[PDB]
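One structure is given below, encoded as structure tokens.
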Amino acid sequence: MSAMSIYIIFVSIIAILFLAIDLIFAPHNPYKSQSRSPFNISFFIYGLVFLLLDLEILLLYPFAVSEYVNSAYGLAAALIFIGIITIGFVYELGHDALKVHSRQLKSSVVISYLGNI
Amino acid sequence: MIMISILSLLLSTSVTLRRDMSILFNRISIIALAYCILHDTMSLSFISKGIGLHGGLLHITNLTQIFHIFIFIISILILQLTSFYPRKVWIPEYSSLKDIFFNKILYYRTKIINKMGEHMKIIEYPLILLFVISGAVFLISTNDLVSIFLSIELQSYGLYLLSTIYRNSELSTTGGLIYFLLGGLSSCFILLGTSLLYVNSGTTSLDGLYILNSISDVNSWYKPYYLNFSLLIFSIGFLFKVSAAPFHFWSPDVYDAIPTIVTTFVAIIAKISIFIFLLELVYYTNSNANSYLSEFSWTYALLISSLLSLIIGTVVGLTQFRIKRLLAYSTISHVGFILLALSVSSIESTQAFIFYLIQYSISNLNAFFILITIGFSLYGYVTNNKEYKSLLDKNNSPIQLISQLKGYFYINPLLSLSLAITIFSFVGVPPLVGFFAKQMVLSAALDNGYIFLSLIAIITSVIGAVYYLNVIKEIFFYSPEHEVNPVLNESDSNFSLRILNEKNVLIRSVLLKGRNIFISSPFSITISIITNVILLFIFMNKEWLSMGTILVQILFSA
Amino acid sequence: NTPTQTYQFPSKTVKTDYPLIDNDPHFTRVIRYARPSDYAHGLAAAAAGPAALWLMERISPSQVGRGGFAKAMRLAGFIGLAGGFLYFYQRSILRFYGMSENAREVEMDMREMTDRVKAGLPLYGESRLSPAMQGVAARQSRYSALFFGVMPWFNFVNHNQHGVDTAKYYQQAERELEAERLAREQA
Amino acid sequence: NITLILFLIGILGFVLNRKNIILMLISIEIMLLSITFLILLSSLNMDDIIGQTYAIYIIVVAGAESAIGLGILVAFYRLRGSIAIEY
Amino acid sequence: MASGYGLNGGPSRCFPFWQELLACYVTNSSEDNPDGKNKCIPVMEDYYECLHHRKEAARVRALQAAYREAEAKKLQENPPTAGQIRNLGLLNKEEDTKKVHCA
Amino acid sequence: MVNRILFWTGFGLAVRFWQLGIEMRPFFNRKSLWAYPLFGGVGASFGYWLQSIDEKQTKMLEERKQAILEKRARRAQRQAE
């Protein structure tokens, strides 16, 4: 029996014991329309930029474990790949899809005296 | 070059938020695509069935390079819609070369030229436009199963984005949802077909698949049924993306809902890349010996779809009253002709295929250009029709109903004749280029024993002609419902224009009216060149038809 | 010094008009074999970009704000420079491919490579890349300038896969090594 | 074999569903995973690292297209306020 | 498969079969003799055999039947046990090695 | 009656004519008259280019026909055995 399989079982067992104690010995009593509103687009952006950037980091992990054979030629393609995805992040930063500037006495009137008619 | 332009445009676009840059970015995209034509014109000085490039993942043919240039030219022409304002002010006192090139004119242009129209404020529109082009040209030059999948998603995902980029239109977001949802299902069938090829053959290389097909076409233990069956599943996904029947339901809805200028690009560019890609795959998988392979040939899905498109495209168009749904169904009938020529794999039909695709792309471009120009021309006209008032997205799709074209011959007779020429080219009336396109497909189908399909092609053509005639009847047989705007010409409603020299010093001052507001030159000239190519093709056919003849000879060269 | 294998790898034979010099010449070879017209065509094409945008502003003004046109010209000028450079590279590399008239380029290549044979240096030079990775570079940039309207690529590797049987360079070197030998004796 | 059954589950998502457009997006994810699982197992049988590479690019592209599809749904829902088809 | 790059960083196990098939096609097919590609047919069948193993599976199904039919007819008076086999070819277990080998 | 330059000079002239008619702008105002030489000049340039293309197409098609009789010959001669 692999040490990794027994580890998974034991951690699961600990979780059941904690549930079991509080289900068996803790007290229990019967102590137990909705409006709606628009949601913030920033939440979609955080998940979107995370996912797309999470994929690009994943695609670089093979390079870090293959740097010796890749040498100069594989490094060029990795740098080309990094440069392309960096431009999309510049677009992310430049347009502030995360609302970087979300939170933020020149007078339009100047008067001149000319005197008596 | 397309990739440098995309990256360079994105960097310039990334650090700006100014929507008045949109027209300039569109013009730079025209300039960028002109360099792309130059680099591919440079590349045609060789004769070969194909040269695999970049580790064998891509390839180049004379055919591939010809249709890169065609895709670039169509994209430059379409990009004019977002690179020049729809209307201009013209006067005889500012018409000389010394005037246009040394003097300036001044007037309140904003309302006249629609400076702040939605189609002039989308910064990233030319950039998503170039992304679709990159997918289309990469698909043409694709030599590998994985390259196929990546290029088709690249082109497809960009088209979904373009259908939704007008994010404040309820119609456009609805159309974007429909294309993505049904388009995503179509992409599974392409990935499923490509995957089934790999799991059976052990290769992602199209070269190797052709070798496997060629040896297995002899006249036991690993009979290669997978190749036809996989390509059948693979082809079905590509039939959806060209809106071929019975996989065509999405396009009349998507084409009508998205704005007309967007429809122009979306409805044209995608068919060229898929059909050209299919052409080579049809050639190299076409069995010669009548064996068990040929009886299960995946290309019957193309012949069945051509039949079904010929009927659906013409019959269902009979009752359409909205002009963009009619064009969608008119397209379906024309891909029926295109698919017949692709299915007959003859030298004659491949010449017919190549000619039909180019002339239909040019002709369908003209119809959209004429339809957008008529929309931009009605600015100085008013109507009391109660139907027109109840239209949605009037700004995105100014012409939505065939009844809106009623009496357009009395509003602009020569522009109405250009529409009539284009529509008569769609029916196949000689000596228009559309006739010669249908004639070549029918002669090639007849010469290969496709008698039954040739007879249905002629019968559906008469049915299709009915709704084509119906558009023409509204333009010519009735007086218009649109009246010229009274306040534009009321003997006292005149706006001012200044003519100034190189030193910004006054030269003259002229008072102008609505009758001095004309269609912009880019749109009239593009309509005029294409209309005359359609009409005068019989005097100019030698080089155009010789190109395809030579292209097919290279492809077929034993 | 003949390695008895002057054609080491299976190359792709393409029908063209003029003899093939190099399926994948080095970047520096394509700059050094450029003609004065190639430079003339290079800048003229590069000037066309910003000039077209300028002409598109003089005839049909964009109505852009104060600094918009300068920003657009900067991007147009870079687009034209990239496009113009690729056109310059294609004109020189098309002569190596044998897809453009290349009599002058054939001559100097025959001269240049022969000098290397007798000097002892390798025909295409020495590479820091493994031989397997040299094959990858050769199979990536081989005839790659025909794809320049879509994706750019340049050969910066020193590999020995140029598409050409290299016997011609050794026959001349041997042939004119004896001519200098006979001349030396007759002195 | 399991990969085939999974493709049916994604197929069956479109048969049984008249009104849940979100289920249409999920059924595409099931189909794409089923096809990628088939490629992975075949790549193991044929000792081919290219199969694993192909599967990695399918994960990248299918992840990319999920984000586009959700963005398109968000632009749709901003104007409609519902993802339900009236049927 | 046909790529030539295996799971452990080495080459793919069917690649030599794939190179042979391509070698047979390129050197026996041509424009002059379209029937020369017939020779490449047994080479193709070998490539599909390497990928999928349907012939080798079929051969062993038949051979296991005969093998498992011969062991039922015979009577094993004293078959070697798992412990003794584990002692096969060892430094101080000649008796177990001799017993398993029936020597 | 198919002359490449005469036809394409006229084609460019017709493009300007149809364009002005489409804009519903007068066909001949004297200050705009430079455009017809310009349109016809660009039209003539396109047709000098089509001349060279047609020449190369004719040479290449003529070359292909020879290859086709050549292929039929050596196949027929091989059948003589």
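To be explicit about the labels: the chains of the structure tokens are called A, B, and onward in the order shown, and within each one the residues are counted from 1, while ligands get numbers from 1 in the order they are shown.
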
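All residues of protein, DNA or RNA that reach within 8 Å of region 54-71 of chain D, judged by only C-alpha atoms and not counting those fewer than 3 positions away in the chain, are residues 44, 48, 51, 52 and 55 of chain A; 146, 150, 153, 157, 161, 177, 180 and 181 of chain B; 25, 29, 32, 36, 39, 40, 50, 51, 74 and 75 of chain D.
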
Members of region 374-459 of chain B assigned helix (DSSP H, G or I) by DSSP, as a ChimeraX atom specification: /B:374-380,386-389,402-405,408-411,413-427,433-447,451-459

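Of the residues under consideration (B:486, B:55, B:176, B:193), B:486 shows the shortest atom-to-atom contact distance to residue 383 (chain B) when counting only C-alpha atoms.
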
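Proximity to residue 14 (chain D) was assessed for D:48, D:31, D:1, D:82 counting only C-alpha atoms; the smallest distance is recorded for D:31.
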
With a distance threshold of 8 Å and counting only C-alpha atoms, extract the residues of chain D near chain E and express them as a PDB file with N, CA, C and O atoms, in the first residue's frame.
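File produced: result_13.pdb:
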```pdb
ATOM      1  N   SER D  43      -2.204   8.153 -27.246  1.00  0.00           N
ATOM      2  CA  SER D  43      -0.793   8.587 -27.236  1.00  0.00           C
ATOM      3  C   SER D  43       0.004   7.668 -26.312  1.00  0.00           C
ATOM      4  O   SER D  43       1.131   7.394 -26.646  1.00  0.00           O
ATOM      5  N   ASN D  45      -0.719   4.417 -25.779  1.00  0.00           N
ATOM      6  CA  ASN D  45      -0.622   3.135 -26.523  1.00  0.00           C
ATOM      7  C   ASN D  45       0.432   3.210 -27.617  1.00  0.00           C
ATOM      8  O   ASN D  45       1.096   2.233 -27.833  1.00  0.00           O
ATOM      9  N   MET D  46       0.545   4.362 -28.272  1.00  0.00           N
ATOM     10  CA  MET D  46       1.490   4.494 -29.391  1.00  0.00           C
ATOM     11  C   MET D  46       2.785   5.176 -28.940  1.00  0.00           C
ATOM     12  O   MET D  46       3.518   5.583 -29.806  1.00  0.00           O
ATOM     13  N   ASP D  47       3.052   5.310 -27.632  1.00  0.00           N
ATOM     14  CA  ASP D  47       4.328   5.893 -27.100  1.00  0.00           C
ATOM     15  C   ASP D  47       4.701   7.161 -27.875  1.00  0.00           C
ATOM     16  O   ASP D  47       5.820   7.240 -28.405  1.00  0.00           O
ATOM     17  N   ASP D  48       3.827   8.147 -27.904  1.00  0.00           N
ATOM     18  CA  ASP D  48       4.004   9.334 -28.731  1.00  0.00           C
ATOM     19  C   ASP D  48       3.757  10.575 -27.888  1.00  0.00           C
ATOM     20  O   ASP D  48       2.625  10.826 -27.463  1.00  0.00           O
ATOM     21  N   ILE D  49       4.817  11.353 -27.652  1.00  0.00           N
ATOM     22  CA  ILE D  49       4.693  12.592 -26.890  1.00  0.00           C
ATOM     23  C   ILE D  49       3.929  13.672 -27.643  1.00  0.00           C
ATOM     24  O   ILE D  49       3.457  14.629 -27.019  1.00  0.00           O
ATOM     25  N   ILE D  50       3.778  13.537 -28.963  1.00  0.00           N
ATOM     26  CA  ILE D  50       3.008  14.502 -29.741  1.00  0.00           C
ATOM     27  C   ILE D  50       1.535  14.470 -29.355  1.00  0.00           C
ATOM     28  O   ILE D  50       0.862  15.508 -29.363  1.00  0.00           O
TER      29      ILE D  50
END
```

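Counting from CA of residue 475 (chain B), the distance to CA of residue 119 (chain B) is 27.0 Å.
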
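What separates CA of residue 472 (chain B) from CA of residue 544 (chain B) is a distance of 29.1 Å.
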
Residues of chain F within 6 Å of chain B, only C-alpha atoms counted, as a PyMOL selection string: chain F and resi 15+18-19+21-23+31-32+54

Kindly export the residues of the current selection with C-alpha atoms, as a compact mmCIF listing (two decimals), in the first residue's frame.
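The resulting file, out-v5.txt, is shown below:
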```txt
# COMPACT_ATOMS: atom_id res chain seq x y z
CA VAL F 15 -15.46 53.92 -63.52
CA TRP F 18 -20.45 55.56 -63.02
CA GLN F 19 -18.98 56.93 -59.78
CA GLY F 21 -23.58 59.15 -61.47
CA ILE F 22 -23.77 57.12 -58.26
CA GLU F 23 -22.96 60.22 -56.20
CA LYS F 31 -12.75 72.05 -62.51
CA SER F 32 -13.10 68.28 -62.02
CA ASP F 54 -0.91 37.53 -70.12
```

Non-local contacts of region 19-24 of chain E (12 Å; only C-alpha atoms; under 5 positions in same chain excluded) as a VMD selection string: (chain B and resid 207 to 212 214 to 215) or (chain C and resid 10) or (chain E and resid 1 to 4 12 to 14 29 to 30 36 to 48)
